[PDB]
Amino acid sequence: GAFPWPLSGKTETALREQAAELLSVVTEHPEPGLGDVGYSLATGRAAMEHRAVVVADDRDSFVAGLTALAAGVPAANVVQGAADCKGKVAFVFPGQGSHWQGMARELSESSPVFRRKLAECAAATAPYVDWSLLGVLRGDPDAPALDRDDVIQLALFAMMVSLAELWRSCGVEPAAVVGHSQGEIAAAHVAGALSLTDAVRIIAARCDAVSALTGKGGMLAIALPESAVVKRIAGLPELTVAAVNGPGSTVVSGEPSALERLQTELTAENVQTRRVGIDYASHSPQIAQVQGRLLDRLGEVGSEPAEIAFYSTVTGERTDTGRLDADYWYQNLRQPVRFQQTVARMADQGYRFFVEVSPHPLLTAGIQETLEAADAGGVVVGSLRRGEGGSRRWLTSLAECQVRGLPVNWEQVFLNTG
């Protein structure tokens, strides 16, 4: 839990503002209200080209940050920035692996917006599942445990869609969405292409189909450019490139034993790997043994043209929502995800502010390396982290954006943040 105290001005002027602030907040008993201060700092005092945001929950900790701002030193609880970044806004929606117990538990208390979309998502899922999504999202011991795909995929969907809604209600409005694997479904929902129910149905379908492939496959993320990985797996047809998450980030789908040996090899060559939290070989040839159950259970899928842009990690280009028939959805699940390629395009197209709506950052590095490999720096923030899913981590994400020039609706920020 935390409170955002926004401060702004040209250089030195900030140092001043904080200094003056310490004249009243520290005491001037009546000691000023912590939330009452932030709202003022935000409502009053405009917003200039040298910015900073003191994220904390106790008067002591604020004073610390203010003290440091005035002195012209860095502090942890203070996010500083230049506000010199003018590019387009995108929401990134990654896959599984973001999940953790009660991702939703904190932010649900603090934010009405978040809790609402979570409720919507739950209603949507009710007809298709024999368990309580809200219970999972809250960590009810008597509920499923994010150890099964249906539970994971539906929970992550809820989370991402709900974190997206928060970002928006607080004034961060996406000019485009880019999704990765199952994230495309959430991306769609958010762009207006898919409906809550249709998205949910697509997730339930996907999960039925793959139930066969369960434990027969997995995925491994590898800190090597595609080239290297390709050259390591050329003679290994039971492993396949599943994603190019960046110029030095690559995922591989295949049989367990294979993955294990490759990881062994790669751990020995001091290449950093991490096995992915997926129990099947998504974006691999094994996804074709289930094209039927899916294309059958999915049936008709209604996609609508979208108010937001939708860059497909399938194609690698802005796609017309409404072309997202059941085929697109079997393709989503069967095709390498070409993330780097999609982002590279979005960048050349202006997008330079990328927000990852995610219970934990999965693609933040890749976005950065890609943008920095196109001499096109931008702002790349996540939302929550594992074990850190309340206001402080979120407000920090928002802050890192604001400091770099993103507009914001503090009113709504303050509300949902409390």
# chains A, B, ... in the order shown; residues from 1 in each chain; ligands from 1
>>> closest_atom_pairs(of="range 12-106 of chain A", to="range 117-132 of chain A", cutoff="12 Å", atoms="only C-alpha atoms", output="CSV")
residue,atom,partner,partner_atom,distance
A:103,CA,A:118,CA,11.6
A:104,CA,A:118,CA,8.6
A:105,CA,A:118,CA,10.9
>>> write_last_selection(atoms="N, CA and C atoms", output="PDB file, in the first residue's frame")
ATOM      1  N   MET A 103      -2.404 -12.955  -6.645  1.00  0.00           N
ATOM      2  CA  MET A 103      -1.902 -11.831  -7.428  1.00  0.00           C
ATOM      3  C   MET A 103      -2.795 -10.627  -7.204  1.00  0.00           C
ATOM      4  N   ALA A 104      -4.100 -10.919  -7.062  1.00  0.00           N
ATOM      5  CA  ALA A 104      -5.153  -9.920  -7.137  1.00  0.00           C
ATOM      6  C   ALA A 104      -5.535  -9.409  -5.752  1.00  0.00           C
ATOM      7  N   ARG A 105      -4.930  -9.968  -4.696  1.00  0.00           N
ATOM      8  CA  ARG A 105      -5.470  -9.839  -3.355  1.00  0.00           C
ATOM      9  C   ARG A 105      -5.332  -8.395  -2.873  1.00  0.00           C
TER      10      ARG A 105
END
>>> residues_around(residues="residue 101 in chain A", least_positions_apart="2", cutoff="9 Å", atoms="only C-alpha atoms", output="ChimeraX atom specification")
/A:99,103-105,136-139,145-146,386-387
>>> write_last_selection(atoms="N, CA, C and O atoms", output="compact mmCIF listing (two decimals), in the first residue's frame")
# COMPACT_ATOMS: atom_id res chain seq x y z
N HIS A 99 2.03 -15.76 -13.17
CA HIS A 99 1.09 -16.08 -12.10
C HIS A 99 1.80 -16.30 -10.76
O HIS A 99 2.93 -16.77 -10.71
N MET A 103 -2.40 -12.95 -6.65
CA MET A 103 -1.90 -11.83 -7.43
C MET A 103 -2.80 -10.63 -7.20
O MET A 103 -2.31 -9.50 -7.20
N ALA A 104 -4.10 -10.92 -7.06
CA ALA A 104 -5.15 -9.92 -7.14
C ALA A 104 -5.54 -9.41 -5.75
O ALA A 104 -6.37 -8.51 -5.65
N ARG A 105 -4.93 -9.97 -4.70
CA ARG A 105 -5.47 -9.84 -3.35
C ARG A 105 -5.33 -8.39 -2.87
O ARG A 105 -6.32 -7.80 -2.46
N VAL A 136 -9.63 -18.29 -6.50
CA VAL A 136 -8.26 -18.45 -6.95
C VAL A 136 -7.56 -17.09 -6.87
O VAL A 136 -6.53 -16.96 -6.21
N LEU A 137 -8.16 -16.05 -7.47
CA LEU A 137 -7.50 -14.76 -7.57
C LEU A 137 -7.16 -14.21 -6.19
O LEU A 137 -6.39 -13.25 -6.07
N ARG A 138 -7.78 -14.78 -5.14
CA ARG A 138 -7.62 -14.25 -3.79
C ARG A 138 -6.79 -15.22 -2.94
O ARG A 138 -6.27 -14.83 -1.91
N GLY A 139 -6.65 -16.46 -3.41
CA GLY A 139 -5.80 -17.44 -2.74
C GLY A 139 -6.57 -18.26 -1.71
O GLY A 139 -5.98 -18.95 -0.88
N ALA A 145 -5.30 -24.25 -7.45
CA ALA A 145 -4.02 -23.61 -7.10
C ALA A 145 -3.12 -23.32 -8.30
O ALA A 145 -1.97 -23.76 -8.26
N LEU A 146 -3.59 -22.60 -9.31
CA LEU A 146 -2.68 -22.18 -10.39
C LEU A 146 -1.65 -23.27 -10.70
O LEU A 146 -0.51 -22.92 -11.01
N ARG A 386 5.95 -10.59 -8.38
CA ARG A 386 5.58 -11.70 -7.51
C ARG A 386 5.73 -11.25 -6.07
O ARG A 386 6.76 -10.72 -5.71
N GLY A 387 4.68 -11.41 -5.26
CA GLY A 387 4.70 -11.03 -3.87
C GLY A 387 4.52 -9.53 -3.67
O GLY A 387 4.37 -9.07 -2.55
>>> residues_around(residues="residue 18 in chain A", least_positions_apart="6", cutoff="8 Å", atoms="only C-alpha atoms", output="short mmCIF file (atom, residue, chain, number, x, y, z; two decimals) with C-alpha atoms, in the first residue's frame")
data_model
loop_
_atom_site.label_atom_id
_atom_site.label_comp_id
_atom_site.auth_asym_id
_atom_site.auth_seq_id
_atom_site.Cartn_x
_atom_site.Cartn_y
_atom_site.Cartn_z
CA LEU A 7 6.61 16.95 -7.69
CA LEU A 66 11.88 14.89 0.02
CA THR A 67 15.06 15.43 2.03
CA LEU A 69 15.28 15.37 -3.53
CA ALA A 70 16.15 18.74 -2.02
#
>>> residues_around(residues="range 240-251 of chain A", least_positions_apart="4", cutoff="7 Å", atoms="only C-alpha atoms", output="JSON, numbers by chain")
{"A": [219, 220, 221, 222, 223, 224, 225, 226, 283, 284, 336, 337, 338, 339, 340, 363, 366, 367, 369, 370]}
>>> select_by_dssp(residues="range 177-418 of chain A", states="strand (DSSP E)", output="PyMOL selection string")
chain A and resi 177-179+218-222+239-246+249-254+273-275+309-311+351-356+379-381
>>> residues_around(residues="range 21-30 of chain A", least_positions_apart="3", cutoff="12 Å", atoms="only C-alpha atoms", output="list in words")
residues 5, 6, 7, 14, 15, 16, 17, 18, 33, 34, 35, 36, 37, 38, 40, 41, 58, 59, 60, 61, 62, 63, 64, 65, 66, 67, 68, 69 and 70 of chain A
>>> write_last_selection(atoms="C-alpha atoms", output="PDB file, in the first residue's frame")
ATOM      1  CA  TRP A   5       3.321  12.602  -4.038  1.00  0.00           C
ATOM      2  CA  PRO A   6       4.020  14.119  -7.477  1.00  0.00           C
ATOM      3  CA  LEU A   7       6.615  16.949  -7.693  1.00  0.00           C
ATOM      4  CA  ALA A  14      12.182  20.751  -7.922  1.00  0.00           C
ATOM      5  CA  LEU A  15      14.869  20.731  -5.210  1.00  0.00           C
ATOM      6  CA  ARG A  16      13.082  23.903  -4.078  1.00  0.00           C
ATOM      7  CA  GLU A  17       9.534  22.486  -4.151  1.00  0.00           C
ATOM      8  CA  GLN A  18      10.509  19.561  -1.908  1.00  0.00           C
ATOM      9  CA  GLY A  33      -2.900  14.546   5.529  1.00  0.00           C
ATOM     10  CA  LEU A  34      -0.655  12.179   3.554  1.00  0.00           C
ATOM     11  CA  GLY A  35      -3.226  11.611   0.780  1.00  0.00           C
ATOM     12  CA  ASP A  36      -4.428  15.217   1.022  1.00  0.00           C
ATOM     13  CA  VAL A  37      -0.843  16.347   0.187  1.00  0.00           C
ATOM     14  CA  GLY A  38      -0.379  14.122  -2.864  1.00  0.00           C
ATOM     15  CA  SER A  40      -2.745  18.856  -3.957  1.00  0.00           C
ATOM     16  CA  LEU A  41       0.784  18.394  -5.349  1.00  0.00           C
ATOM     17  CA  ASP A  58       4.601   6.723   6.195  1.00  0.00           C
ATOM     18  CA  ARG A  59       5.401  10.391   6.852  1.00  0.00           C
ATOM     19  CA  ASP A  60       8.946   9.418   7.905  1.00  0.00           C
ATOM     20  CA  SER A  61       9.622   7.716   4.569  1.00  0.00           C
ATOM     21  CA  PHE A  62       8.234  10.677   2.583  1.00  0.00           C
ATOM     22  CA  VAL A  63      10.429  13.156   4.445  1.00  0.00           C
ATOM     23  CA  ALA A  64      13.399  10.893   3.644  1.00  0.00           C
ATOM     24  CA  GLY A  65      12.647  11.161  -0.079  1.00  0.00           C
ATOM     25  CA  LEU A  66      11.877  14.892   0.025  1.00  0.00           C
ATOM     26  CA  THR A  67      15.060  15.429   2.028  1.00  0.00           C
ATOM     27  CA  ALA A  68      16.995  13.531  -0.656  1.00  0.00           C
ATOM     28  CA  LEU A  69      15.281  15.369  -3.530  1.00  0.00           C
ATOM     29  CA  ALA A  70      16.149  18.744  -2.021  1.00  0.00           C
TER      30      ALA A  70
END
>>> residues_around(residues="residue 354 in chain A", least_positions_apart="5", cutoff="8 Å", atoms="only C-alpha atoms", output="MDAnalysis selection string")
chainID A and resid 89:92 367 378:381
>>> write_last_selection(atoms="C-alpha atoms", output="PDB file, in the first residue's frame")
ATOM      1  CA  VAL A  89       1.478   4.097 -25.836  1.00  0.00           C
ATOM      2  CA  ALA A  90       1.162   0.299 -26.119  1.00  0.00           C
ATOM      3  CA  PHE A  91      -0.122  -2.339 -23.678  1.00  0.00           C
ATOM      4  CA  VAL A  92       1.855  -5.595 -23.681  1.00  0.00           C
ATOM      5  CA  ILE A 367      11.184  -4.775 -25.266  1.00  0.00           C
ATOM      6  CA  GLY A 378      11.495   4.427 -24.767  1.00  0.00           C
ATOM      7  CA  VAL A 379       9.835   3.687 -21.410  1.00  0.00           C
ATOM      8  CA  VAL A 380       9.284   0.028 -20.553  1.00  0.00           C
ATOM      9  CA  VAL A 381       7.515  -0.667 -17.277  1.00  0.00           C
TER      10      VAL A 381
END
>>> residues_around(residues="residue 181 in chain A", least_positions_apart="4", cutoff="8 Å", atoms="only C-alpha atoms", output="PyMOL selection string")
chain A and resi 94-95+313+332-333+337
>>> select_by_dssp(residues="range 149-342 of chain A", states="alpha helix (DSSP H)", output="number ranges by chain")
A: 149-169, 183-191, 196-210, 226-233, 256-268, 291-298, 326-334, 339-342
>>> decode(residues="range 109-127 of chain A", atoms="N, CA and C atoms", output="PDB file, in the first residue's frame")
ATOM      1  N   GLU A 109      -8.369  -4.696  -2.897  1.00  0.00           N
ATOM      2  CA  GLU A 109      -8.771  -3.873  -1.764  1.00  0.00           C
ATOM      3  C   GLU A 109      -8.718  -2.403  -2.156  1.00  0.00           C
ATOM      4  N   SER A 110      -7.570  -1.994  -2.707  1.00  0.00           N
ATOM      5  CA  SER A 110      -7.251  -0.594  -2.932  1.00  0.00           C
ATOM      6  C   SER A 110      -8.095  -0.014  -4.071  1.00  0.00           C
ATOM      7  N   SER A 111      -8.344  -0.796  -5.136  1.00  0.00           N
ATOM      8  CA  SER A 111      -8.953  -0.272  -6.353  1.00  0.00           C
ATOM      9  C   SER A 111     -10.354  -0.842  -6.568  1.00  0.00           C
ATOM     10  N   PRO A 112     -11.394   0.012  -6.734  1.00  0.00           N
ATOM     11  CA  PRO A 112     -12.702  -0.442  -7.201  1.00  0.00           C
ATOM     12  C   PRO A 112     -12.689  -0.900  -8.659  1.00  0.00           C
ATOM     13  N   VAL A 113     -11.952  -0.187  -9.517  1.00  0.00           N
ATOM     14  CA  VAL A 113     -11.913  -0.512 -10.938  1.00  0.00           C
ATOM     15  C   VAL A 113     -11.463  -1.963 -11.113  1.00  0.00           C
ATOM     16  N   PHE A 114     -10.342  -2.295 -10.465  1.00  0.00           N
ATOM     17  CA  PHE A 114      -9.709  -3.586 -10.641  1.00  0.00           C
ATOM     18  C   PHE A 114     -10.701  -4.662 -10.213  1.00  0.00           C
ATOM     19  N   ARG A 115     -11.268  -4.476  -9.018  1.00  0.00           N
ATOM     20  CA  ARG A 115     -12.145  -5.457  -8.405  1.00  0.00           C
ATOM     21  C   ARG A 115     -13.356  -5.687  -9.314  1.00  0.00           C
ATOM     22  N   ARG A 116     -13.837  -4.616  -9.967  1.00  0.00           N
ATOM     23  CA  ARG A 116     -15.002  -4.682 -10.842  1.00  0.00           C
ATOM     24  C   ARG A 116     -14.732  -5.587 -12.043  1.00  0.00           C
ATOM     25  N   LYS A 117     -13.682  -5.291 -12.816  1.00  0.00           N
ATOM     26  CA  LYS A 117     -13.376  -6.101 -13.985  1.00  0.00           C
ATOM     27  C   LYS A 117     -13.093  -7.533 -13.554  1.00  0.00           C
ATOM     28  N   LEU A 118     -12.503  -7.716 -12.369  1.00  0.00           N
ATOM     29  CA  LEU A 118     -12.258  -9.060 -11.866  1.00  0.00           C
ATOM     30  C   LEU A 118     -13.581  -9.792 -11.667  1.00  0.00           C
ATOM     31  N   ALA A 119     -14.589  -9.062 -11.186  1.00  0.00           N
ATOM     32  CA  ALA A 119     -15.913  -9.624 -10.991  1.00  0.00           C
ATOM     33  C   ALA A 119     -16.555  -9.987 -12.334  1.00  0.00           C
ATOM     34  N   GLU A 120     -16.501  -9.056 -13.296  1.00  0.00           N
ATOM     35  CA  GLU A 120     -16.970  -9.308 -14.649  1.00  0.00           C
ATOM     36  C   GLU A 120     -16.352 -10.603 -15.184  1.00  0.00           C
ATOM     37  N   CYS A 121     -15.016 -10.681 -15.127  1.00  0.00           N
ATOM     38  CA  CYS A 121     -14.282 -11.830 -15.633  1.00  0.00           C
ATOM     39  C   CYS A 121     -14.778 -13.108 -14.962  1.00  0.00           C
ATOM     40  N   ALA A 122     -15.063 -13.022 -13.662  1.00  0.00           N
ATOM     41  CA  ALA A 122     -15.493 -14.176 -12.894  1.00  0.00           C
ATOM     42  C   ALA A 122     -16.849 -14.676 -13.394  1.00  0.00           C
ATOM     43  N   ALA A 123     -17.836 -13.763 -13.437  1.00  0.00           N
ATOM     44  CA  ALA A 123     -19.142 -14.024 -14.029  1.00  0.00           C
ATOM     45  C   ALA A 123     -18.989 -14.743 -15.365  1.00  0.00           C
ATOM     46  N   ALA A 124     -18.149 -14.174 -16.243  1.00  0.00           N
ATOM     47  CA  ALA A 124     -17.920 -14.729 -17.566  1.00  0.00           C
ATOM     48  C   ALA A 124     -17.520 -16.203 -17.490  1.00  0.00           C
ATOM     49  N   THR A 125     -16.719 -16.561 -16.479  1.00  0.00           N
ATOM     50  CA  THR A 125     -16.093 -17.876 -16.456  1.00  0.00           C
ATOM     51  C   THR A 125     -17.036 -18.891 -15.813  1.00  0.00           C
ATOM     52  N   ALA A 126     -18.021 -18.371 -15.065  1.00  0.00           N
ATOM     53  CA  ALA A 126     -18.844 -19.196 -14.191  1.00  0.00           C
ATOM     54  C   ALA A 126     -19.445 -20.357 -14.981  1.00  0.00           C
ATOM     55  N   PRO A 127     -20.056 -20.077 -16.158  1.00  0.00           N
ATOM     56  CA  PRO A 127     -20.660 -21.117 -16.984  1.00  0.00           C
ATOM     57  C   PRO A 127     -19.725 -22.187 -17.524  1.00  0.00           C
TER      58      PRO A 127
END
